[PDB]
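Colleague: Same order as they appear, the protein sequences are chains A, B and C. In terms of the entry's author numbering, the first sequence is residues 91 to 263, 268 to 297, 308 to 410. In terms of the entry's author numbering, the second sequence is residues 3195 to 3242. In terms of the entry's author numbering, the third sequence is residues 3098 to 3145. Just so it is clear, CB atoms sit at the ideal spot from N, CA and C, and this is done for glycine as well.
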Amino acid sequence: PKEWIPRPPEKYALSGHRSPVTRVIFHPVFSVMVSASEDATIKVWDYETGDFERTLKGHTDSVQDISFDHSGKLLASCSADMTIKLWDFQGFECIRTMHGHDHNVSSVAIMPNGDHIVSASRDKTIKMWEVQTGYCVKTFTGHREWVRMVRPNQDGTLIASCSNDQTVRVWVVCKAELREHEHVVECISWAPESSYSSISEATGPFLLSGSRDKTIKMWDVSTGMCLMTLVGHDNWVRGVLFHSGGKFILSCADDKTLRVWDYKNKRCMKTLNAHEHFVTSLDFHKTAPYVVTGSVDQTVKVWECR
Amino acid sequence: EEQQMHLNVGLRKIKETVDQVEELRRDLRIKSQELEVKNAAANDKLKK
Amino acid sequence: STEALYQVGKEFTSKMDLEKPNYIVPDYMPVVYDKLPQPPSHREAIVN
């Protein structure tokens, strides 16, 4: 349960789509996965079988990011129509729609306590909402450009967001500001508790983030300094994430390659020819041996992990 | 919501058509410039 | 009873998007269900 690395070829090619795919995630409990899109559709697939289950229409513009509740019964999606729509996995119907963002929303995530929703749009603000009634509670300011991704911590108290302002701000419900970037930072991955011993051997909580600077760099929120710099990407990095066991680093970029990294030696071991065009997002199953990558060529592919 | 989505997609095509018209205007400008260059070269050659 | 009608309506329309955060509670608000939660929300207004 540690040697799980994606291997060629694709197990299943979920090509039942018509528009580019932006985000893909795994269900924490059930054996399904969902996928956002550009044509205001969220489609649920069965990654074990490869069969299309259902679609969740109701957005009026391109869906940017999607995230699940801890229990897996609640789904939150953000789109380009300035809305944070809320979905449940009991009857698969829209529960509430939250307005209040001045432009395109690019990120969303359920708080680990399962009561608040974080969001990040182009208007350089971070909004916190209530899952019970859709009423905003707090707003966060300190960015001056497009905010791409926001990712909470494992306790619901630390919130990290990346923007086009060459910064990765951290807020406590600002703890730190990191301004040693050289281009726009795009994606944020949080370090789980199963990697502290591994990184102490190699070198909390820790923050890892890719960017459009052809490299990945990682800091410490307790000190605000870069630990190790991971370089070698041939194009813009779109998505990064930690391995479930906390030993490997999974990332994707526009070079159509999945490079699996490690902080023991900071080098690439195998690049996977995933799609014929750019790769937008990917996810790693916490227990099952499966990797799914969401790409911008209107295809979703699932990789076996051996 | 479906009607609003169809209207919102419809305006993007108008924006793309505007951009295509502008780029075709730039193309015809540079093509007219090189055509005038060729005509001037031909007239100079005939004068020679 | 009026309480039965209110409870049936609330339980049936609990799944619908009837939340308006910028709801202005009227001064009068003619109430037909007693023991309605004061101040009401938009969902309570709809069921009432």
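Near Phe116/A, which residues of its chain fall below 6 Å by C-beta distance, leaving aside the five closest residues on each side in sequence?
Modeller: Residue 116/A sits at position 26 when you count from the first residue of the first sequence. Excluding sequence neighbours, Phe116/A sits near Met123, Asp387, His389.
Colleague: Do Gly232/A and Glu276/A have their beta-carbon atoms positioned less than 9 Å apart in this structure?
Modeller: As a working note, residue 276/A is residue 182 in the first sequence. As a working note, residue 232/A is residue 142 in the first sequence. In this structure, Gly232/A does not lie closer than 9 Å to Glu276/A by Cβ.
Colleague: Compare the beta carbon distance of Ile156/A and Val119/A with 9 Å and say whether it is the shorter of the two.
Modeller: If you number the first sequence from 1, residue 156/A lands on position 66. If you number the first sequence from 1, residue 119/A lands on position 29. No, Cβ-Cβ distance for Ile156/A and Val119/A is not below 9 Å.
Colleague: Is the Cβ-Cβ distance between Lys405/A and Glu138/A less than 9 Å?
Modeller: For this step, residue 405/A is matched to residue 301 along the first sequence. For this step, residue 138/A is matched to residue 48 along the first sequence. No, Cβ-Cβ distance for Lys405/A and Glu138/A is not below 9 Å.
Colleague: Just to make sure I have the definition right: I need the residues of chain C whose C-beta is within less than 7 Å of the C-beta of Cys184/A. Which are they?
Modeller: In the first sequence, the residue the question calls residue 184/A occupies position 94. Those within 7 Å of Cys184/A in chain C are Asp3114.
Colleague: Tell me, please, whether the stretch 3203-3221 of chain B touches the stretch 3100-3109 of chain C by the rule of three or more beta-carbon pairs shorter than 8 Å.
Modeller: Counting Cβ pairs under 8 Å, fewer than three are found: no touch.
Colleague: Measuring straight from C-alpha to C-alpha, what distance separates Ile293/A and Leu354/A?
Modeller: Locating residue 293/A in the first sequence gives position 199, counting from the first residue. Locating residue 354/A in the first sequence gives position 250, counting from the first residue. Approximately 15 Å, taken between the alpha carbons.
Colleague: For the alpha helix (DSSP H) holding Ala3235/B, just list the boundary residues, first then last.
Modeller: For the purposes of this step, residue 3235/B is taken as residue 41 along the second sequence, with counting starting at 1. Run containing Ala3235/B: 3196-3241, per the alpha helix (DSSP H) assignment.
Colleague: Shorter than 9 Å from the beta carbon of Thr173/A to some beta carbon of chain C?
Modeller: On the first sequence, residue 173/A is found 83 positions in, with the first residue counted as 1. For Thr173/A, the answer is no, since every Cβ of chain C falls outside 9 Å of its Cβ.
Colleague: Is the stretch 317-327 of chain A close to the stretch 336-355 of chain A, with three or more CB pairs under 8 Å?
Modeller: yes
Colleague: Taking the continuous beta strand (DSSP E) assigned at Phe116/A, which residues delimit it?
Modeller: As a position in the first sequence, residue 116/A is number 26, starting the count at 1. It spans 114-116 - the beta strand (DSSP E) in which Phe116/A sits, taken as one unbroken run.
Colleague: Would you report the Cα separation of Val335/A and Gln256/A, rounded to the nearest angstrom?
Modeller: Position 231 of the first sequence holds residue 335/A. Position 166 of the first sequence holds residue 256/A. One C-alpha to the other measures close to 18 Å.
Colleague: Along the chain, where does the alpha helix (DSSP H) containing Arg3140/C start, and where does it finish?
Modeller: Position 43 of the third sequence, counted from the first residue, corresponds to residue 3140/C. Where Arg3140/C is concerned, the enclosing alpha helix (DSSP H) stretches over 3139-3144.
Colleague: Give the C-beta separation of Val258/A and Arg316/A to the nearest angstrom, bearing in mind that I take them to be a contact with Cβ-Cβ under 8 Å.
Modeller: If you number the first sequence from 1, residue 258/A lands on position 168. If you number the first sequence from 1, residue 316/A lands on position 212. So it is not a contact: roughly 14 Å between Cβ atoms.
Colleague: List the residues that DSSP assigns as beta-bridge partners of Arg241/A.
Modeller: Here residue 241/A refers to the residue found at position 151 of the first sequence. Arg241/A is bridged to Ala250/A.
Colleague: Could you check whether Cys168/A and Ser196/A sit closer than 9 Å to each other, using their CB atoms as the reference points?
Modeller: Start at 1 with the first residue of the first sequence, and residue 196/A comes out as number 106. Start at 1 with the first residue of the first sequence, and residue 168/A comes out as number 78. Yes, these two residues count as a Cβ contact at 9 Å.
Colleague: Per DSSP, what are the beta-bridge partners of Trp177/A in this structure?
Modeller: As a working note, residue 177/A is residue 87 in the first sequence. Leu165/A, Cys184/A, per the DSSP bridge assignment.
Colleague: So which residues of chain C does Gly224/A contact, with C-beta pairs closer than 7 Å?
Modeller: The residue given as residue 224/A occupies position 134 in the first sequence. Result: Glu3116, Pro3118.
Colleague: Along the beta strand (DSSP E) that carries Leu362/A, what are the first and last residues, could you check?
Modeller: Your numbering for residue 362/A matches position 258 in the first sequence. Looking at the DSSP string, the run of the beta strand (DSSP E) that includes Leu362/A is 361-365.
Colleague: Among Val240/A, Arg410/A, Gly398/A, which residue has its Cα nearest to the Cα of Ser127/A?
Modeller: In the first sequence, counting from the first residue as 1, residue 127/A sits at position 37. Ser127/A has its Cα closest to that of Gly398/A, out of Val240/A, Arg410/A, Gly398/A.
Colleague: I'd like to know whether the C-beta of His191/A is nearer than 9 Å to at least one C-beta of chain B.
Modeller: On the first sequence, residue 191/A is found 101 positions in, with the first residue counted as 1. Chain B contact via Cβ: absent.
Colleague: Can you name the residues of chain B whose CB is closer than 7 Å to the CB of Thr150/A?
Modeller: For the purposes of this step, residue 150/A is identified with residue 60 of the first sequence, where counting begins at 1. Listed along the chain, the chain B residues whose CB falls inside 7 Å of the CB of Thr150/A are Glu3195, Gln3198, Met3199, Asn3202.
Colleague: Report the partner residues of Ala170/A according to the DSSP bridge assignment.
Modeller: Taking the first sequence and counting its residues from 1, one reaches residue 170/A at position 80. In DSSP, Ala170/A forms no bridge with anything.
Colleague: Under three-state DSSP, which class holds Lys3112/C?
Modeller: Here the question's residue 3112/C lines up with position 15 in the third sequence. Helix.
Colleague: In angstroms, rounded to a whole number, what distance separates the CA positions of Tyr394/A and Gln3197/B?
Modeller: The residue given as residue 394/A occupies position 290 in the first sequence. The residue given as residue 3197/B occupies position 3 in the second sequence. Those two C-alpha atoms are separated by around 38 Å.
Colleague: So within the stretch 336-400 of chain A, which uninterrupted beta strand (DSSP E) runs reach at least 3 residues, ignoring any that extend past its ends?
Modeller: 341-346, 353-357, 361-365, 375-377, 383-388, 394-399
Colleague: Could you check if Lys3209/B belongs to the surroundings of the ligand GTP, using beta carbon to heavy atom distance under 8 Å?
Modeller: No copy of the ligand GTP appears in this structure; indeed no ligand is present at all.
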